[PDB]
Amino acid sequence: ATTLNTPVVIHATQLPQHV
Amino acid sequence: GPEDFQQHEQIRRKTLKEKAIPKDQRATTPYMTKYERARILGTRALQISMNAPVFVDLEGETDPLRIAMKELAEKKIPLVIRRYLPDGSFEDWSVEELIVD
Amino acid sequence: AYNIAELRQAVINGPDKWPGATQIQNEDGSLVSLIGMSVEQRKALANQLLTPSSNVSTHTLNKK
Amino acid sequence: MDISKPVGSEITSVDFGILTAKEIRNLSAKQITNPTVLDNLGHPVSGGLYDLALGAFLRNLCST
Amino acid sequence: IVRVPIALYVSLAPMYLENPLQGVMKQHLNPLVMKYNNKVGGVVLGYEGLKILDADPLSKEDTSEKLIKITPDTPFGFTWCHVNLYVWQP
Amino acid sequence: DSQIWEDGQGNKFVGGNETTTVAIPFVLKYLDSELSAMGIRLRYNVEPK
Amino acid sequence: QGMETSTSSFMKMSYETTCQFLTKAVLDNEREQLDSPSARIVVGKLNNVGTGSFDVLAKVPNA
DNA sequence: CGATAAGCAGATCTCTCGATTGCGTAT
DNA sequence: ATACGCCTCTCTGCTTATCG
RNA sequence: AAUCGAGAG
């Protein structure tokens, strides 16, 4: 749980597209 | 939802691209300032101390700052200085593009 | 790999014989103090100084 | 400062403002009523200034 | 089984300064596999198409040499990245 | 089930998990408390949002 | 009195009459951008003068 | 409105020691 | 023995007044 | 923690 093994912030670019 | 983030990211990238000064018209000193030299040496020394790859022949040396000074002498430091103008606009000079002293 | 020659000697010398070392900071932030240890303990710690990290979360780090 | 514990965020700027009474009650952990801090036997009193909801106090686990 | 393109802010160790793609993978993406992530929606099957957002906006995206922003008080570099995550959630 | 958290008192909450970590002094935190005692709030804007 | 019209309130608050400069900062909802050396020392940011006048980027080889 | 006679406010390096810190009272 | 409430020698600048 | 007193540059 550190800035060396997990991303700082995560955001969604678009809506989830089903494949 | 996410599209709010997409708009914010687009705006951030657009403002960043507007602030950047293209290489063809940067009007700052060709020489590396003493402050830039000191910080390049310190940051490169930190990176070497944290087990980064090194681009010079270690003459049996152990001081990371000395290794960084050797890299600067041989112009092998993969760093870039981003000089900031008062308005927030910035230029980008590579280390090998600058002349020390 | 370029520091172990003299950092190992500092750890062996310990907190009293200059040049020496007072602490070892592990990859996971542990602070092993050499103040109350004996010569053989310090020698074992100095020999296990540059050991490859087993934890994935700290493979980017080395002891201090 | 440990150079092996990088921080991702950074305080860009700060803005001054008024702490409104609604948000003060919204974020709070306990209301302080009785003007006694410690009872006999040296223990905090519930609702007092040294309430365990305001933080740990002399080997007492914080209740928040 | 849904593709969720995401953008993340991830640190980069000085040891992976020659292959930042592998650095980002082994630092943030591999420990994001077979875990329920609170953001994407569900467990993550895998990832593909990692891209590093260059810190200099002028350079065209064609180039493979990019810039990473180094923390002032640390040799770790932080950068925005784009990647498409394969997810599963009810 | 993800954004629900508990206190020691058991009061369940569902809310702000958008919290990060910064590198500040500690007298800054004490100044924040002394300002809150004055009824003054300080908002700190973090770089990455 | 000769420094009242300044953009950074932390500088004046550190200087003197901390109460008055804080009241005027909060009444106007002043948002100082942490630029004066005093403000960064209050908040714990690398200064802007000298070796803080620029930033440092790493030229990573592979995209 | 205004021009003083007047009133009020906040100012005017670092470091080492020791000694003392509150009196009357009602039950 | 003791537990609640009681204890006269500098300076500039901002601000209000007040009286013909 | 203050206050007083003694010092050092």
Side-chain angles (χ1 to χ4, degrees), chain B residues 34-35 38-39 42, chain C residues 15-16 18-23 33 35, chain D residues 1-3 13-19 24 28-64, chain E residues 72-73, chain F residues 23-44, chain G residues 1-53:
Chain B
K34 51 186 202 286
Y35 308 113
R39 184 165 172 190
Chain C
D16 297 306
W18 178 89
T22 63
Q23 292 153 72
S33 187
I35 289 184
Chain D
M1 193 274 295
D2 177 14
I3 68 167
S13 56
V14 312
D15 202 5
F16 295 88
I18 299 291
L19 207 47
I24 297 181
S28 178
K30 190 67 64 64
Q31 180 184 351
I32 314 305
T33 65
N34 35 17
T36 175
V37 290
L38 308 164
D39 62 1
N40 51 314
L41 199 48
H43 188 275
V45 38
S46 187
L49 281 174
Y50 286 152
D51 186 17
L52 259 54
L54 299 190
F57 181 85
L58 299 184
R59 285 193 164 281
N60 292 320
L61 294 176
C62 171
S63 61
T64 298
Chain E
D73 278 88
Chain F
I24 56 151
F26 199 92
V27 77
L28 177 68
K29 198 175 300 183
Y30 179 76
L31 179 78
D32 211 353
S33 291
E34 291 308 283
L35 291 201
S36 293
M38 282 182 164
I40 303 179
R41 183 166 76 110
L42 276 175
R43 295 167 59 106
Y44 310 84
Chain G
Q1 293 123 350
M3 69 197 286
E4 180 64 37
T5 68
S6 170
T7 311
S8 192
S9 54
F10 276 153
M11 195 262 299
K12 300 163 292 193
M13 283 161 55
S14 307
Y15 189 51
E16 60 198 32
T17 72
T18 305
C19 65
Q20 302 175 12
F21 285 119
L22 175 60
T23 59
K24 293 183 287 196
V26 62
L27 290 183
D28 317 342
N29 288 31
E30 176 201 339
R31 175 170 163 171
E32 49 176 326
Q33 281 71 44
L34 304 182
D35 287 355
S36 53
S38 191
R40 309 218 183 196
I41 293 162
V42 166
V43 184
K45 296 172 57 62
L46 188 76
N47 195 13
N48 65 273
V49 177
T51 35
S53 290

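Residue numbers start from 1 in every chain, and the chains themselves are labelled A, B, ... in the order their sequence lines are given, proteins ahead of strands. Computed from heavy atoms alone, side chains included, the values below leave out hydrogens, waters and symmetry copies.
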Exercise for review: Starting from P on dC14(I), measure out to CD on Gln20(G) and report it in whole angstrom.
Suggested key: 12 Å
Review point. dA3(H) pairs with which nucleotide, Watson-Crick or G-U wobble, both distances below 3.5 Å?
Key: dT18(I)
**Study point:** Counter-base of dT8(I), judged by Watson-Crick or G-U geometry with both distances under 3.5 Å
**Key:** none
Practice item. Please give the nucleotide sitting opposite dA3(I) as a Watson-Crick or G-U wobble pair, both distances under 3.5 Å, or none. Key: none
Check your understanding: Would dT8(I) and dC9(I) be classed as stacked, given the thresholds of under 5.5 Å between six-membered ring centres and under 30° between planes?
Key -> no
Check your understanding: Using purine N1 to pyrimidine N3 plus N6-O4 or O6-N4 for Watson-Crick, or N1-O2 and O6-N3 for G-U wobble, both under 3.5 Å, which nucleotide pairs with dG10(H)?
Key -> none
Exercise for review: Round to the nearest Å and state the distance from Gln1(G) atom CD to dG13(I) atom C1'.
Suggested key: 5 Å
Exercise for review: Rounded to the nearest angstrom, tell me the gap between atom CD in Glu4(G) and atom P in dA9(H).
Suggested key: 18 Å
Exercise for review: Pick north or south for the sugar of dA17(I); the rule is positive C1'-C2'-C3'-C4' for north, negative for south.
Suggested key: south
Exercise for review: Specify the separation, in whole Å, of atom CE of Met3(G) and atom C1' of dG10(H).
Suggested key: 14 Å
Review point. When you compare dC13(H) with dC6(I), how far apart are their P atoms, in angstrom units rounded to a whole number?
Key: 41 Å
Check your understanding: Should the sugar of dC14(I) be assigned to the north (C3'-endo side) or south (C2'-endo side) class according to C1'-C2'-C3'-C4'?
Key -> south
**Study point:** Partner nucleotide of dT16(H) by Watson-Crick or wobble geometry (both distances under 3.5 Å)
**Key:** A6(J)
Exercise for review: For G5(J) versus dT21(H), give the span between their P atoms, rounded off to a whole number of Å.
Suggested key: 16 Å
Point to revise | Sugar conformation, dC17(H) - torsion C1'-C2'-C3'-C4' sign | key: north
Practice item. Check the pair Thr64(D), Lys30(D) against side-chain contact (heavy atoms from CB on, under 4.5 Å), reporting the backbone distance first and the verdict last. Key: CA-CA 9 Å; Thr64(D) 298; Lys30(D) 190 67 64 64; over 6 Å; no
Revision key, fill the gap. With north for a positive and south for a negative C1'-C2'-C3'-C4' torsion, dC6(I) lands south
**Study point:** Pair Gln33(G), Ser13(D): side-chain N/O donor-acceptor within cut-off below 3.5 Å
**Key:** no
Practice item. Provide, to the nearest angstrom, the distance between the OH atom belonging to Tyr15(G) and the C1' atom belonging to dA11(H). Key: 8 Å
Exercise for review: Tell me, yes or no, whether the heavy-atom count around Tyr50(D) atom OH, taken from other residues, nucleotides or ligands under 6.0 Å, exceeds 12.
Suggested key: no
Review point. Between atom CD in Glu16(G) and atom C1' in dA9(H), what is the gap in whole Å?
Key: 11 Å
**Study point:** Sidechain-backbone polar pair: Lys12(G) side chain, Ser6(G) backbone, donor-acceptor under 3.5 Å
**Key:** yes
Exercise for review: Can you establish whether the number of heavy atoms outside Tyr44(F) located under 6.0 Å from its atom OH is more than 12?
Suggested key: yes
Study note, to complete from the structure: The correct pucker label for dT10(I), given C1'-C2'-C3'-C4' positive equals north and negative equals south, is south
Check your understanding: With rounding to whole Å, what would you report as the distance between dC1(H) and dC19(I) at their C1' atoms?
Key -> 13 Å
